[PDB]
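Here is the structure we will look at.
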Amino acid sequence: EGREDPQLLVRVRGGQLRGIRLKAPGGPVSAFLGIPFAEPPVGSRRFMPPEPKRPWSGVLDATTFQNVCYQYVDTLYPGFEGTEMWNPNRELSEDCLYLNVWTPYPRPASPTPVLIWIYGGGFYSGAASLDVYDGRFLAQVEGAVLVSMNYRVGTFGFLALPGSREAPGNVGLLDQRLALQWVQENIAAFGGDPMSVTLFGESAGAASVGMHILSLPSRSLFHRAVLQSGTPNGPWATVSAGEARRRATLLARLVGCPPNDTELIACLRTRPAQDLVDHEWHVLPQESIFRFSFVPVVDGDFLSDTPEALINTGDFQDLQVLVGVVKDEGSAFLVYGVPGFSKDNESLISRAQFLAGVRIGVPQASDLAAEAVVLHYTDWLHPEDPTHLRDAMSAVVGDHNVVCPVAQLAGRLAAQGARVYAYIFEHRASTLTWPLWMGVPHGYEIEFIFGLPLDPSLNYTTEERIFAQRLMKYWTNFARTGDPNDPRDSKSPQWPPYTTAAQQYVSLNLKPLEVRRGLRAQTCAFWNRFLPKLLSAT
Amino acid sequence: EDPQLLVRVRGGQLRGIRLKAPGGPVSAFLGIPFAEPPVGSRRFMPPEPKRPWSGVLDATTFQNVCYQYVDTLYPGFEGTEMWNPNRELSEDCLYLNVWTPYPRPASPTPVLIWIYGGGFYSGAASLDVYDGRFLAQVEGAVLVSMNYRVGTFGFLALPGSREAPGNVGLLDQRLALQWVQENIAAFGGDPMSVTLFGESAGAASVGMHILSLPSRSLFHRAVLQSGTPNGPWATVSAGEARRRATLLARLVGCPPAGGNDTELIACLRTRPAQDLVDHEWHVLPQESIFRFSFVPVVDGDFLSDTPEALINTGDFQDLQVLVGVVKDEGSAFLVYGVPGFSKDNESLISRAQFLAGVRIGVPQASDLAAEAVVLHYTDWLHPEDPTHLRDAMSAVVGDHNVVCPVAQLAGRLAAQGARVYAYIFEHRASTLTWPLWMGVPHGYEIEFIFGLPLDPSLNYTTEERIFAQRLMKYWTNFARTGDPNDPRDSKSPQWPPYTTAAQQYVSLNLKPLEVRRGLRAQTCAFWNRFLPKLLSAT
Ligand SMILES: Nc1ccc2c(c1)c(-c1ccccc1)[n+](CCCCCCc1cnnn1CCNc1c3c(nc4ccccc14)CCCC3)c1cc(N)ccc21
Ligand SMILES: Nc1ccc2c(c1)c(-c1ccccc1)[n+](CCCCCCc1cnnn1CCNc1c3c(nc4ccccc14)CCCC3)c1cc(N)ccc21
Ligand SMILES: *[C@@H]1O[C@H](CO)[C@@H](O)[C@H](O)[C@H]1NC(C)=O
Ligand SMILES: O=S([O-])[O-]
Ligand SMILES: O=S([O-])[O-]
């Protein structure tokens, strides 16, 4: 420091940081990007829990996003924006444990509500540095302090040989918890209130938020939670200890590490990062969609039991949760290897192709369970209609994997004392490059919650700008108070809590809030009450 | 003596009576013997043709009702007693009734043949709601109805035996049909244009004449109202008939070299009728509803295979069929043994009471299967609501027993070249004495089709008189041409044929025809395609 902007120099437990003054449309914000919160989990630390970052000397430059955690880079549609906007935007490296902070400029005098973001990507991909997770707009417009962290994904984050000490599993979640601890100790330097931290995240991020709710050591690290299109309960977010062992062992075998656990993990540790990525997909038990190879494991430690069990028996009185879904959770998953589906045509499939899709979509399902699915989704007035079948296949994937789990989550939490608010997101970005048939796909509310439309250079409609402001007010009003509603406002339709009695939730679209009752009530009875029993008995 | 009232049929001369209809006189020939009384050693045997008689046979009154159980659920109550025997009970009961216009029709008239229901254990052609004069007078039709043996006498079978081959009640019907072919021309009727029509068990009987080759040259068109030959109640197997027969024999003291078929039937024949009727309801294998002890048997004779198999493989190309259901097929059955239901209160039920009702409603169901019915029929927005649960219990019984068997029948006949018209009857008689919650119960379209609202002394509303005139036209139009539509009248809308593609059918109520699509399609897919896979797999 001599000629430096005094609002950009800030000390934290690890040492001095230099941030950057960023332009948001309404004014400047402060970003501190690439703050390390753990010892780089490289070398002999691969697969291991993270250690807190050792203090540095001098002023650490925090003006740019740091490395993205090793993963599989999507090459489904090369050059296509629809897939590439999710692809890593920094170098890949095992040295990736860094977090980012956006605060108002100047930093606010009194403590500000803190929002912590946890990216999705199936526990195999993602980065806090993507354009759509840009904390600058929430920071500038809502006066909020926003934090996002990188956490280890794929094998690096979730390969477990359970009961082992050198590869215990859930270390991706432990990175996330370590970043939360960082926020407790340090966020006050940035003008954040560590007594008011809301976690929010989408897809696997949502699943992660829910896992912090269900893991006791995480509970004292945040006060409120938002789960966007993901849950800890459900078919894809966790695996049994047994299944994780099988997957770990198979992967080892594939990369030239034949199986004693010490020997095996030692040998995995000598493998180049790329070789692990190059093989992670080969360990899934069936051809399937919306399943990921290395995900949180039920270890009897981070997760003391299956999320299904923990949500059925938990006391959640102290807890406030906002949850919800987009209109077409399944559609995007179809183009990742369901025969018949593509972004470049209308994806009008046949009945054969539907039955085939369903086996892949519900891989754990017997023949009889698969017929049940098909019979339930068939339109019996037009059982051959290619359009309806295309949409059914999307709804099967969406409902089984997201909507109905969210429904179950909302039900159990609300019965057991939580204040729950629920939504369905129904607006298709005017700028989406995915075809019309895909509707509102998995992930596409995020850019609205973050306020991207306010950036005039992004070509959102004026209507979309206003809509984004609303959503930003809902989310942050929820962070601030535990209620997405506005204290001053006065019809303005109110957003009612979700209860078991009334099952109210709101539609989020360009029109003002409409209250609806029953989140796919009948169809979710199928997945949550019936289907299990078609595996319980046969 | 009135020349109009004197007819010479094959077995001798008859004297009918001139009856009074609101719009003019009709000739009626009531109580014509069509078979040797099936008594003594003829009990359980095929009927024999009636021997010729001398002089002029008095045919001016209804003859005896076939021997049957008399309802005492609600003694003195019109709603039940209107179905009870209105003439003396006797095993001597094989008589038929003919109504014609007065004067005798000048040129050959379409002939309608009625077959009552009563679950194959009750019924009589003499009931007021089967009064054939209105159709005779107004539409210029020749309307015939026969008595046939019911309960043990009509359907007790020891398959493979000469003495009790089963299905004799159907043979009774067949003989009545043969009688119409040989004799109806003398009445002005046209034997080359005979339309069978019937309701409930009567409809199933009609169905069985469609499905049995010898019956096929005795009529040209068919109308099945609220009943089908396929389904869970209309037939039993040779093994199951034997079982019930053998159990009945045992219950009435039979038996104390032959043997053990001839022996057993011999002893049964020695028993007073009331002894057989005393013990008929004790042969059923479970607590159930809409199951009857003695029903047509799959014998490989009358029925060459199961109706379900027969309808699957039949060629139905020169066949016209009118089928339908009432709005509330199941409601009436609930007051007959289903705990929680009664005509004297609104019958609001608990969920537990709903589950218990399902086990009785679907006697063959396994735990899982019954659970599926329950979970399918629940309203997940108000799953505890007593009105819905009561209505759902009603719907389960109607759908399982009538509506979905109809849908299936309609579908197969149309698929296989038959020409099918379908309806749902939704108007509740203003004169009705069953409570409102029962809606339009099983049986209560009949009074309208027969034109009773034309009798001003019966206190039907003007609207109902007009409604009855329309239905009388639909039915007799259908009898005349195989098409219920008014062939010379324009403006409609038209009753289109039922087809497997478009699944079109109409509602009959006070409003003009409305064309709907899919006869309870999703729900019948549950009943016709899924549940069967849940019986014979787990
Ligand atoms: N050429 C093929 C053929 C078959 C399969 C392929 C590739 C891939 C694939 C592998 C590496 C990189 C990308 C895809 N996967 C792996 C999993 C694919 C999951 C796709 C969606 C998703 C879910 N969470 N993360 N992602 C990856 C893409 N990131 C997105 C994300 C989100 N939304 C969207 C919406 C549209 C497109 C992408 C996208 C929101 C949350 C975060 C990431 C499959 C998985 C299977 N179980 C079966 C087939 C295939
Ligand atoms: N006290 C108990 C307790 C348990 C059971 C009882 C009686 C009876 C019963 C038998 C003879 C007479 C009266 C009742 N049934 C026999 C099944 C009878 C079904 C009654 C409804 C019906 C339907 N179609 N015919 N009927 C019989 C009477 N005639 C009717 C007719 C019609 N509609 C109706 C509508 C309401 C009342 C009666 C009725 C239409 C067609 C022809 C006859 C049961 C059958 C079971 N599977 C289980 C329990 C019970
Ligand atoms: C869409 O394209 C894919 C491959 O490009 C193909 O498999 C599919 O059949 C196509 N659908 C239609 C309706 O042409
Ligand atoms: O590129 S957008 O369509 O995700
Ligand atoms: O049976 S009575 O209500 O017409």
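Simple scheme: letters A, B, ... for chains in structure tokens order, numbers from 1 for residues in each chain, numbers from 1 for ligands in the order shown.
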**OP:** Residues of chain A no more than 12 Å from chain B, counting only C-alpha atoms: send them over as JSON, numbers by chain.
**Re:** {"A": [367, 368, 369, 370, 371, 372, 373, 374, 375, 376, 377, 378, 379, 380, 381, 382, 383, 384, 385, 499, 500, 501, 502, 503, 504, 516, 517, 518, 519, 520, 521, 522, 523, 524, 525, 526, 527, 528, 529, 530, 531, 532, 533, 534, 535, 536, 537, 538]}
Take the residues from that selection and put them in a file with C-alpha atoms, as a PDB file, in the first residue's frame.
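Final file, out_18.pdb:
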ATOM      1  CA  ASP A 367     -39.826 -54.913 -15.210  1.00  0.00           C
ATOM      2  CA  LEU A 368     -43.066 -54.481 -13.244  1.00  0.00           C
ATOM      3  CA  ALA A 369     -42.048 -51.136 -11.745  1.00  0.00           C
ATOM      4  CA  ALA A 370     -41.100 -49.946 -15.233  1.00  0.00           C
ATOM      5  CA  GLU A 371     -44.540 -50.913 -16.546  1.00  0.00           C
ATOM      6  CA  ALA A 372     -46.087 -49.002 -13.647  1.00  0.00           C
ATOM      7  CA  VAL A 373     -44.149 -45.870 -14.609  1.00  0.00           C
ATOM      8  CA  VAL A 374     -45.114 -46.219 -18.267  1.00  0.00           C
ATOM      9  CA  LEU A 375     -48.746 -46.935 -17.495  1.00  0.00           C
ATOM     10  CA  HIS A 376     -48.922 -43.926 -15.155  1.00  0.00           C
ATOM     11  CA  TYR A 377     -47.392 -41.514 -17.646  1.00  0.00           C
ATOM     12  CA  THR A 378     -49.202 -42.755 -20.755  1.00  0.00           C
ATOM     13  CA  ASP A 379     -51.899 -40.484 -22.122  1.00  0.00           C
ATOM     14  CA  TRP A 380     -54.642 -43.049 -22.819  1.00  0.00           C
ATOM     15  CA  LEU A 381     -56.495 -40.787 -25.244  1.00  0.00           C
ATOM     16  CA  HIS A 382     -53.387 -40.549 -27.439  1.00  0.00           C
ATOM     17  CA  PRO A 383     -51.023 -43.339 -26.268  1.00  0.00           C
ATOM     18  CA  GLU A 384     -48.988 -43.030 -29.467  1.00  0.00           C
ATOM     19  CA  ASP A 385     -48.605 -39.263 -29.667  1.00  0.00           C
ATOM     20  CA  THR A 499     -48.054 -26.835   5.054  1.00  0.00           C
ATOM     21  CA  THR A 500     -49.189 -30.474   5.031  1.00  0.00           C
ATOM     22  CA  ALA A 501     -52.802 -29.291   5.403  1.00  0.00           C
ATOM     23  CA  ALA A 502     -52.776 -26.990   2.369  1.00  0.00           C
ATOM     24  CA  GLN A 503     -49.617 -27.726   0.333  1.00  0.00           C
ATOM     25  CA  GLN A 504     -49.496 -24.134  -0.932  1.00  0.00           C
ATOM     26  CA  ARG A 516     -51.283 -23.142  -6.100  1.00  0.00           C
ATOM     27  CA  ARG A 517     -52.189 -26.195  -4.018  1.00  0.00           C
ATOM     28  CA  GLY A 518     -50.465 -29.550  -4.280  1.00  0.00           C
ATOM     29  CA  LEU A 519     -47.084 -29.955  -5.892  1.00  0.00           C
ATOM     30  CA  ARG A 520     -47.841 -32.742  -8.349  1.00  0.00           C
ATOM     31  CA  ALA A 521     -49.872 -34.293  -5.517  1.00  0.00           C
ATOM     32  CA  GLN A 522     -51.154 -37.462  -7.318  1.00  0.00           C
ATOM     33  CA  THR A 523     -48.065 -38.174  -9.419  1.00  0.00           C
ATOM     34  CA  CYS A 524     -45.734 -37.811  -6.418  1.00  0.00           C
ATOM     35  CA  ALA A 525     -47.872 -40.207  -4.403  1.00  0.00           C
ATOM     36  CA  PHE A 526     -46.847 -42.665  -7.130  1.00  0.00           C
ATOM     37  CA  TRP A 527     -43.088 -42.121  -6.662  1.00  0.00           C
ATOM     38  CA  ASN A 528     -43.024 -41.512  -2.889  1.00  0.00           C
ATOM     39  CA  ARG A 529     -45.640 -43.975  -1.597  1.00  0.00           C
ATOM     40  CA  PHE A 530     -46.220 -46.564  -4.305  1.00  0.00           C
ATOM     41  CA  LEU A 531     -42.962 -47.236  -6.157  1.00  0.00           C
ATOM     42  CA  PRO A 532     -40.927 -47.943  -3.027  1.00  0.00           C
ATOM     43  CA  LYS A 533     -43.373 -50.801  -2.206  1.00  0.00           C
ATOM     44  CA  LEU A 534     -42.971 -52.283  -5.690  1.00  0.00           C
ATOM     45  CA  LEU A 535     -39.359 -52.801  -4.529  1.00  0.00           C
ATOM     46  CA  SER A 536     -40.233 -53.443  -0.779  1.00  0.00           C
ATOM     47  CA  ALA A 537     -42.303 -56.558  -1.716  1.00  0.00           C
ATOM     48  CA  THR A 538     -41.209 -57.434  -5.301  1.00  0.00           C
TER      49      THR A 538
END
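Based on only C-alpha atoms and all ligand atoms, the protein and nucleic acid residues found within 6 Å of ligand 2 are, by chain and then by number, residues 69, 70, 71, 73, 80, 83, 117, 118, 119, 200, 287, 288, 289, 290, 291, 292, 332, 333, 336, 337, 442 and 443 of chain B.
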**OP:** Residues within 9 Å of ligand 5 should be enumerated using only C-alpha atoms and all ligand atoms and returned as a PyMOL selection string.
**Re:** chain B and resi 77-83+429-435+444+447
Do you know which residues are within 10 Å of ligand 4 using only C-alpha atoms and all ligand atoms? Can you write them as a compact mmCIF listing (two decimals) with C-alpha atoms, in the first residue's frame?
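Once written, out_4.txt looks like this:
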# COMPACT_ATOMS: atom_id res chain seq x y z
CA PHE A 80 -22.67 -24.57 -28.20
CA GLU A 81 -23.35 -22.00 -25.52
CA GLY A 82 -26.04 -24.12 -23.82
CA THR A 83 -23.47 -26.59 -22.62
CA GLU A 84 -20.38 -24.43 -22.46
CA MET A 85 -21.76 -21.86 -20.03
CA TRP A 86 -21.53 -24.64 -17.41
CA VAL A 132 -24.22 -17.15 -13.68
CA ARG A 428 -37.95 -19.41 -19.92
CA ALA A 429 -35.08 -16.96 -20.38
CA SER A 430 -35.60 -15.00 -23.56
CA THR A 431 -31.95 -15.72 -24.36
CA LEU A 432 -31.89 -19.51 -24.01
CA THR A 433 -30.22 -21.45 -26.84
CA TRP A 434 -31.82 -24.80 -25.99
CA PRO A 435 -34.84 -25.59 -28.19
CA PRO A 441 -34.48 -26.70 -18.02
CA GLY A 443 -30.42 -24.72 -13.92
CA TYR A 444 -32.08 -21.86 -15.74
CA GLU A 447 -29.21 -16.53 -13.73
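Minimum atom-to-atom distances from A:190, A:203, A:157, A:130 to residue 19 of chain A were compared using only C-alpha atoms, and the lowest value belongs to A:190.
Of note, atom CA of residue 252 of chain B and atom CA of residue 158 of chain B are spaced 16.0 Å apart.
Shortest atom-to-atom contact with residue 409 of chain A among A:53, A:269, A:312, A:295: A:312, counting only C-alpha atoms.
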**OP:** Step by step, measure atom-to-atom distances between ligand 3 and each residue using only C-alpha atoms and all ligand atoms, keep those at most 9 Å, then write them as a VMD selection string.
**Re:** chain A and resid 339 to 349 386
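The neighbours of residue 405 of chain A here are the residues that come within 9 Å of it, using only C-alpha atoms and leaving out any residue fewer than 5 positions away in the same chain; they are residues 230, 231, 232, 233, 234, 235, 399, 400, 410, 524, 527 and 528 of chain A.
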**OP:** Pick out each residue of segment 3-201 of chain A that DSSP on the backbone tags as alpha helix (DSSP H); I need them as a VMD selection string.
**Re:** chain A and resid 81 to 84 136 to 142 154 to 158 171 to 186
Original post:
Which residues in segment 66-266 of chain A does DSSP call strand (DSSP E)? List them as number ranges by chain.
Top reply: A: 98-104, 112-118, 145-149, 192-202, 224-228
Selection export as a tab-separated table (two decimals), in the first residue's frame, atoms kept: C-alpha atoms:
chain	number	residue	atom	x	y	z
A	98	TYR	CA	-10.64	-21.15	-2.84
A	99	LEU	CA	-13.69	-19.05	-2.04
A	100	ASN	CA	-14.98	-15.69	-3.25
A	101	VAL	CA	-16.64	-12.77	-1.48
A	102	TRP	CA	-18.73	-9.90	-2.91
A	103	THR	CA	-19.60	-6.96	-0.67
A	104	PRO	CA	-21.12	-3.52	-1.21
A	112	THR	CA	-25.05	-7.55	6.69
A	113	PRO	CA	-26.92	-10.83	6.04
A	114	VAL	CA	-24.59	-13.30	4.32
A	115	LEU	CA	-25.61	-15.62	1.48
A	116	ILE	CA	-23.40	-18.63	0.74
A	117	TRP	CA	-23.67	-20.27	-2.65
A	118	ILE	CA	-22.94	-23.93	-3.37
A	145	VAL	CA	-22.54	-10.06	1.37
A	146	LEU	CA	-22.28	-13.05	-0.90
A	147	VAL	CA	-19.85	-15.94	-0.57
A	148	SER	CA	-19.21	-18.90	-2.87
A	149	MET	CA	-16.65	-21.66	-2.54
A	192	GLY	CA	-21.01	-9.60	7.11
A	193	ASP	CA	-23.12	-10.85	10.03
A	194	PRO	CA	-21.99	-14.35	10.88
A	195	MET	CA	-25.15	-14.74	12.97
A	196	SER	CA	-27.20	-14.48	9.78
A	197	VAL	CA	-25.90	-16.92	7.17
A	198	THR	CA	-28.23	-18.43	4.60
A	199	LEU	CA	-26.97	-21.33	2.47
A	200	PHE	CA	-28.34	-21.52	-1.03
A	201	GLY	CA	-27.57	-23.80	-3.96
A	202	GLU	CA	-29.05	-25.59	-6.92
A	224	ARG	CA	-31.42	-20.60	7.10
A	225	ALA	CA	-31.40	-22.60	3.87
A	226	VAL	CA	-32.57	-22.56	0.26
A	227	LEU	CA	-32.72	-25.72	-1.85
A	228	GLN	CA	-33.11	-25.06	-5.58
Name each residue within 7 Å of ligand 1, counting only C-alpha atoms and all ligand atoms, as a PDB file with C-alpha atoms, in the first residue's frame.
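Listed below is the output, result.pdb:
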ATOM      1  CA  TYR A  72     -14.940 -33.904 -16.725  1.00  0.00           C
ATOM      2  CA  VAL A  73     -15.414 -31.135 -19.314  1.00  0.00           C
ATOM      3  CA  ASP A  74     -18.711 -31.437 -21.235  1.00  0.00           C
ATOM      4  CA  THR A  75     -18.096 -32.074 -24.987  1.00  0.00           C
ATOM      5  CA  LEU A  76     -21.645 -33.084 -25.947  1.00  0.00           C
ATOM      6  CA  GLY A  82     -26.040 -24.118 -23.822  1.00  0.00           C
ATOM      7  CA  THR A  83     -23.469 -26.590 -22.622  1.00  0.00           C
ATOM      8  CA  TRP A  86     -21.532 -24.640 -17.410  1.00  0.00           C
ATOM      9  CA  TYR A 119     -22.801 -24.774  -7.087  1.00  0.00           C
ATOM     10  CA  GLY A 120     -24.334 -27.885  -8.625  1.00  0.00           C
ATOM     11  CA  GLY A 121     -22.991 -30.200 -11.355  1.00  0.00           C
ATOM     12  CA  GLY A 122     -23.914 -33.714 -10.159  1.00  0.00           C
ATOM     13  CA  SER A 125     -18.448 -30.725 -12.026  1.00  0.00           C
ATOM     14  CA  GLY A 126     -18.911 -27.038 -11.385  1.00  0.00           C
ATOM     15  CA  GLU A 202     -29.046 -25.587  -6.920  1.00  0.00           C
ATOM     16  CA  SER A 203     -29.112 -29.281  -8.013  1.00  0.00           C
ATOM     17  CA  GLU A 287     -27.035 -47.512 -18.432  1.00  0.00           C
ATOM     18  CA  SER A 288     -28.900 -44.612 -16.793  1.00  0.00           C
ATOM     19  CA  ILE A 289     -29.573 -40.899 -16.551  1.00  0.00           C
ATOM     20  CA  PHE A 290     -29.387 -38.509 -13.640  1.00  0.00           C
ATOM     21  CA  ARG A 291     -26.920 -40.801 -11.849  1.00  0.00           C
ATOM     22  CA  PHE A 292     -23.414 -39.793 -10.916  1.00  0.00           C
ATOM     23  CA  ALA A 332     -31.926 -31.443 -20.386  1.00  0.00           C
ATOM     24  CA  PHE A 333     -30.947 -34.857 -19.054  1.00  0.00           C
ATOM     25  CA  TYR A 336     -27.222 -36.893 -22.616  1.00  0.00           C
ATOM     26  CA  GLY A 337     -27.665 -40.318 -24.245  1.00  0.00           C
ATOM     27  CA  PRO A 441     -34.476 -26.700 -18.018  1.00  0.00           C
ATOM     28  CA  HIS A 442     -32.573 -27.705 -14.882  1.00  0.00           C
ATOM     29  CA  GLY A 443     -30.416 -24.725 -13.920  1.00  0.00           C
ATOM     30  CA  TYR A 444     -32.080 -21.862 -15.739  1.00  0.00           C
TER      31      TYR A 444
END
**OP:** Write out as number ranges by chain the residues lying within 10 Å of residue 257 of chain A, counting only C-alpha atoms and excluding same-chain residues fewer than 2 positions away.
**Re:** A: 249-255, 259, 263-271
Could you write out that same residue set with N, CA, C and O atoms as a PDB file, in the first residue's frame?
ATOM      1  N   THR A 249     -13.542 -49.499  -5.827  1.00  0.00           N
ATOM      2  CA  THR A 249     -12.734 -50.675  -6.136  1.00  0.00           C
ATOM      3  C   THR A 249     -12.668 -50.873  -7.642  1.00  0.00           C
ATOM      4  O   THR A 249     -11.585 -51.077  -8.201  1.00  0.00           O
ATOM      5  N   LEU A 250     -13.826 -50.793  -8.296  1.00  0.00           N
ATOM      6  CA  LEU A 250     -13.877 -50.914  -9.744  1.00  0.00           C
ATOM      7  C   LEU A 250     -13.010 -49.851 -10.417  1.00  0.00           C
ATOM      8  O   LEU A 250     -12.207 -50.186 -11.303  1.00  0.00           O
ATOM      9  N   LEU A 251     -13.140 -48.590  -9.986  1.00  0.00           N
ATOM     10  CA  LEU A 251     -12.314 -47.527 -10.550  1.00  0.00           C
ATOM     11  C   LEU A 251     -10.823 -47.807 -10.373  1.00  0.00           C
ATOM     12  O   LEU A 251     -10.049 -47.716 -11.334  1.00  0.00           O
ATOM     13  N   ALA A 252     -10.423 -48.146  -9.152  1.00  0.00           N
ATOM     14  CA  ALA A 252      -9.051 -48.543  -8.908  1.00  0.00           C
ATOM     15  C   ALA A 252      -8.607 -49.562  -9.958  1.00  0.00           C
ATOM     16  O   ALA A 252      -7.573 -49.423 -10.595  1.00  0.00           O
ATOM     17  N   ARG A 253      -9.431 -50.571 -10.148  1.00  0.00           N
ATOM     18  CA  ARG A 253      -9.100 -51.665 -11.033  1.00  0.00           C
ATOM     19  C   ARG A 253      -8.888 -51.172 -12.473  1.00  0.00           C
ATOM     20  O   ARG A 253      -7.943 -51.579 -13.146  1.00  0.00           O
ATOM     21  N   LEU A 254      -9.758 -50.261 -12.907  1.00  0.00           N
ATOM     22  CA  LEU A 254      -9.724 -49.697 -14.249  1.00  0.00           C
ATOM     23  C   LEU A 254      -8.482 -48.879 -14.552  1.00  0.00           C
ATOM     24  O   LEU A 254      -8.074 -48.793 -15.700  1.00  0.00           O
ATOM     25  N   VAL A 255      -7.889 -48.271 -13.535  1.00  0.00           N
ATOM     26  CA  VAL A 255      -6.778 -47.354 -13.771  1.00  0.00           C
ATOM     27  C   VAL A 255      -5.439 -48.022 -13.504  1.00  0.00           C
ATOM     28  O   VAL A 255      -4.387 -47.367 -13.552  1.00  0.00           O
ATOM     29  N   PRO A 259      -6.671 -54.075  -6.253  1.00  0.00           N
ATOM     30  CA  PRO A 259      -6.765 -54.364  -4.799  1.00  0.00           C
ATOM     31  C   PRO A 259      -5.758 -55.432  -4.319  1.00  0.00           C
ATOM     32  O   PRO A 259      -5.744 -56.548  -4.838  1.00  0.00           O
ATOM     33  N   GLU A 263      -2.938 -49.945   0.663  1.00  0.00           N
ATOM     34  CA  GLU A 263      -2.326 -50.272  -0.634  1.00  0.00           C
ATOM     35  C   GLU A 263      -3.033 -49.646  -1.841  1.00  0.00           C
ATOM     36  O   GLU A 263      -2.388 -49.122  -2.756  1.00  0.00           O
ATOM     37  N   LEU A 264      -4.360 -49.724  -1.824  1.00  0.00           N
ATOM     38  CA  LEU A 264      -5.199 -49.346  -2.943  1.00  0.00           C
ATOM     39  C   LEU A 264      -5.249 -47.831  -3.120  1.00  0.00           C
ATOM     40  O   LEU A 264      -5.034 -47.327  -4.227  1.00  0.00           O
ATOM     41  N   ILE A 265      -5.524 -47.108  -2.034  1.00  0.00           N
ATOM     42  CA  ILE A 265      -5.611 -45.648  -2.085  1.00  0.00           C
ATOM     43  C   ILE A 265      -4.228 -45.066  -2.358  1.00  0.00           C
ATOM     44  O   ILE A 265      -4.097 -44.070  -3.078  1.00  0.00           O
ATOM     45  N   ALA A 266      -3.198 -45.691  -1.794  1.00  0.00           N
ATOM     46  CA  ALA A 266      -1.837 -45.274  -2.085  1.00  0.00           C
ATOM     47  C   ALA A 266      -1.617 -45.300  -3.598  1.00  0.00           C
ATOM     48  O   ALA A 266      -1.059 -44.368  -4.168  1.00  0.00           O
ATOM     49  N   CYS A 267      -2.086 -46.359  -4.247  1.00  0.00           N
ATOM     50  CA  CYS A 267      -1.840 -46.534  -5.665  1.00  0.00           C
ATOM     51  C   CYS A 267      -2.698 -45.550  -6.447  1.00  0.00           C
ATOM     52  O   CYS A 267      -2.210 -44.938  -7.384  1.00  0.00           O
ATOM     53  N   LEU A 268      -3.953 -45.363  -6.045  1.00  0.00           N
ATOM     54  CA  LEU A 268      -4.787 -44.297  -6.629  1.00  0.00           C
ATOM     55  C   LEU A 268      -4.129 -42.928  -6.517  1.00  0.00           C
ATOM     56  O   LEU A 268      -4.321 -42.064  -7.367  1.00  0.00           O
ATOM     57  N   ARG A 269      -3.346 -42.727  -5.466  1.00  0.00           N
ATOM     58  CA  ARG A 269      -2.734 -41.439  -5.267  1.00  0.00           C
ATOM     59  C   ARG A 269      -1.600 -41.191  -6.230  1.00  0.00           C
ATOM     60  O   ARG A 269      -1.180 -40.058  -6.410  1.00  0.00           O
ATOM     61  N   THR A 270      -1.126 -42.238  -6.882  1.00  0.00           N
ATOM     62  CA  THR A 270      -0.016 -42.083  -7.817  1.00  0.00           C
ATOM     63  C   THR A 270      -0.529 -41.853  -9.226  1.00  0.00           C
ATOM     64  O   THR A 270       0.241 -41.536 -10.115  1.00  0.00           O
ATOM     65  N   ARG A 271      -1.831 -42.014  -9.421  1.00  0.00           N
ATOM     66  CA  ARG A 271      -2.437 -41.850 -10.734  1.00  0.00           C
ATOM     67  C   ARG A 271      -2.589 -40.383 -11.071  1.00  0.00           C
ATOM     68  O   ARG A 271      -2.908 -39.572 -10.190  1.00  0.00           O
TER      69      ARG A 271
END
Original post:
So how far away is atom CA of residue 156 of chain A from atom CA of residue 241 of chain A, in Å?
Top reply: 17.0 Å
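Ranking A:402, A:452, A:466, A:178 by their shortest atom-to-atom distance to residue 50 of chain A, with only C-alpha atoms included, puts A:178 first.
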Original post:
Neighbours of residue 282 of chain B within 10 Å (only C-alpha atoms; same-chain residues fewer than 5 positions away dropped), as a VMD selection string?
Top reply: chain B and resid 244 247 to 248 251 293
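If you count only C-alpha atoms and ignore residues fewer than 6 places along the chain from residue 507 of chain B, what sits within 10 Å of it is residues 324, 325, 326, 327, 422, 423, 424, 425, 426, 427, 495, 513, 514, 515 and 516 of chain B.
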**OP:** Go through B:66, B:319, B:414, B:365 one by one, measure the shortest atom-to-atom distance of each to residue 221 of chain B using only C-alpha atoms, and give the residue with the smallest value.
**Re:** B:319
